[PDB]
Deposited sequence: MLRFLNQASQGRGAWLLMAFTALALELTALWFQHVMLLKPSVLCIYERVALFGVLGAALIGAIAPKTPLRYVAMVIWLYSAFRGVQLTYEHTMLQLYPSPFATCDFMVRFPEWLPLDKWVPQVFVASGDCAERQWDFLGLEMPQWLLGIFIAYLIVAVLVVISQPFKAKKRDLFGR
């Protein structure tokens, strides 16, 4: 309910969610695929926290909650289907396109050129492209709880 509280959550996500780009390479994973669409949910919720971060007090822009609520939920819907697409994959082994990027700094944060659901074996402790459902539940569940 203060600059610190908001900045912690904005930091924790910018940090926790940016780490996403780390290890990607040695993992022998690389392809975000649908994930780029989902990466968006991070700046959606982080956007709100970092924009509302101005101070969760004097500034009435509290709207930060709804946009935080929206992006946290929007993240769950897109991540959930992604989880389902593994514990339940579809008949279209083929990939989409067979039936707003670019930016002065670097396109890196987003990418899709590589391949489809193929070898992907992860083997890292307990996967990770699905742990994200719980993590977004946390932001959403923090968000619902503060505005109930």
Stretches with no C-alpha position, numbering per deposited sequence from 1 = 1-9, 109-113, 163-176
